[PDB]
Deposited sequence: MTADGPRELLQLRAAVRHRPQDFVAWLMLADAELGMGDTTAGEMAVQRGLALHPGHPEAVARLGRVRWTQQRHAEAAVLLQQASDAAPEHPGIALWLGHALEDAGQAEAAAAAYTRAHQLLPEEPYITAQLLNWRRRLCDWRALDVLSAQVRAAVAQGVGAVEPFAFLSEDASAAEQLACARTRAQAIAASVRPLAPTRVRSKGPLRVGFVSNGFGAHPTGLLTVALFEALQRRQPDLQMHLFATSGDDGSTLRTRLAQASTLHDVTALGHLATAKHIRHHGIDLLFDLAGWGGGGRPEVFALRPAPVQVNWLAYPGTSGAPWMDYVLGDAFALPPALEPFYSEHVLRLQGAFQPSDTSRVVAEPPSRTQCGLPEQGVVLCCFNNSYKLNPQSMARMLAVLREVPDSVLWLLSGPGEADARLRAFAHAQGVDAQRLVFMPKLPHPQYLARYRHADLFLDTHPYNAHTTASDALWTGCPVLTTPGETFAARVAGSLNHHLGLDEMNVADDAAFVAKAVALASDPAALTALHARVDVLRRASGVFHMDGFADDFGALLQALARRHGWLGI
């Protein structure tokens, strides 16, 4: 009865709860709490309402969100797998179920869910998440469709600020928006670049628009003093847009992209004359408000340009910068790392959702064919590790040859690579920041460059480093090269010594050179839009 009132408030938080004071009510109150970040409670409420209606998908989905946001991953799963049974044709639910299964390495009916979602993307319905879709075996064409759809909806609900232009007066003001400034891939990849730019391109005024508070990391601090860092974490999308506009940013970069907060509306409001997509979301934004994408000759080749909605820009070398100031400490012994003191250590520290059936089979094939080797993986959420040991076994490999490392603070995690002999990349979503973490350490990465940007990032690093032999043609060749390198320790040792040379000889880790190319690109870009210099 009085219920319909409560709902509308979502679009007054406490005025709503006031209404819910009166079931599909236990559920609504539960949803109120979930809005109030009080996840623990919201899960208790929805858990109740779900027992009172174990066949009401509206409630099962809502309970799932709460359980997830309350850190109860495994249980949250069953919640979505249930909201799926009770409403098999709703793609929105299928999309979410699929994404959570991947993260847990639950591959039951994987191909069928994947098909439904890709199909949903093609019908333009289902509102599937672009970042989540990167884990699917979809082509660059499918990805573009997925992105546009999300972009066009956002574009519809927003009225752009008053139009402006690049100054033509200079200094040029370049802005960067991210939720990752410090102890997150984004900050980790750009610190050395910003420090280099501050020192080598004083003419270029760097502005960082952080949508996350200070986390106490050295990275956040370094970024803060290597640019003008604005903490706009508390502003809404409009205020944030007006704030960037208030600073007269000429070239604005989206370092959040789809997924990871991102604040998509902030960019839709077009607060800056020129907006660039770079280094955050490894795909096309497919958005009307995004002018350019910054890739490179390898990861974003001509044959791929058609799928990018924005105009393609390329840097001379690889598109990805890196923190070249990181000292790689010594890890604990192999034993203290749960690793056999003898034998070849093959590793893949990628996020669990990048660990699909195909990639896992690939890695296991190497173990099965090379005795005494082990697979060092990054421990996943829920019971992912358990499912993986199981799969390994079902694949003919002693499940005990898989060693799982817990997520560690960057410095400590970085040091673990010294025990690695070869990094095995995943497909179709490569290791990106993880790929360069390994290379920086001196650990070679083996990859199978695909046909989508996200499936060619590790390849771009290898290419630009000079290690083209590590960019093989397919799974068969992938297993071959691994087994070859694994079987002959003289070769492995030779490959490590070779990476160490190319590392120092190649531009890939020369941030001073990157700062110049990048700066040169920013000025040319500005001049193309009216800037005259000074």
| query | finding |
| --- | --- |
| Deposited positions lacking CA coordinates | 1-24, 36-37, 49-56 |
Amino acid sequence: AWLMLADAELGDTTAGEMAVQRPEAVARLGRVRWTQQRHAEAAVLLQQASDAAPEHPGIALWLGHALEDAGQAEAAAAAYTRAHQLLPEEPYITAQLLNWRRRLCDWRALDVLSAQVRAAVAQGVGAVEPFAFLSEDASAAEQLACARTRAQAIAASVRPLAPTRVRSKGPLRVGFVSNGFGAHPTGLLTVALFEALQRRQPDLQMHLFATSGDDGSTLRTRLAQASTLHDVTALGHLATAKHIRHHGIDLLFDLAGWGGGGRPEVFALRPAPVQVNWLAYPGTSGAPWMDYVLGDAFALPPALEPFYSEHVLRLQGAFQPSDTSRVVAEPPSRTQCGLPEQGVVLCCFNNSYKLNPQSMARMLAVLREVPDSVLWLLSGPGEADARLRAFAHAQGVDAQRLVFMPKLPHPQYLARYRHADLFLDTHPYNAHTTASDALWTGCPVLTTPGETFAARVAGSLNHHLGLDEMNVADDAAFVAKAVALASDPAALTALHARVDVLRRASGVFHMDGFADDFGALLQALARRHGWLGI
From here on, numbers count along this sequence of modelled residues.
{"item": "Stretch exceeding the other in mean C-alpha B-factor - 279-287, 167-175", "value": "167-175"}
{"item": "Segment of higher mean CA temperature factor, 382-390 or 238-246", "value": "382-390"}
{"item": "Most elevated Cα B-factor in the entry, residues 296, 305, 341, 437", "value": "341"}
{"item": "Among 124, 180, 332, 273 - the residue whose C-alpha B-factor is largest in the record", "value": "124"}
{"item": "Among modelled residues of the same chain, the CA temperature factor third for residue 81", "value": "highest"}
{"item": "Third of chain Cα B-factors occupied by residue 221", "value": "lowest"}
{"item": "Modelled-residue ranking by C-alpha temperature factor, third containing residue 368", "value": "highest"}
{"item": "Ranked C-alpha temperature factor of residue 403 among modelled chain residues, by third", "value": "middle"}
{"item": "Within-chain third of residue 73 by Cα B-factor, per the entry", "value": "highest"}
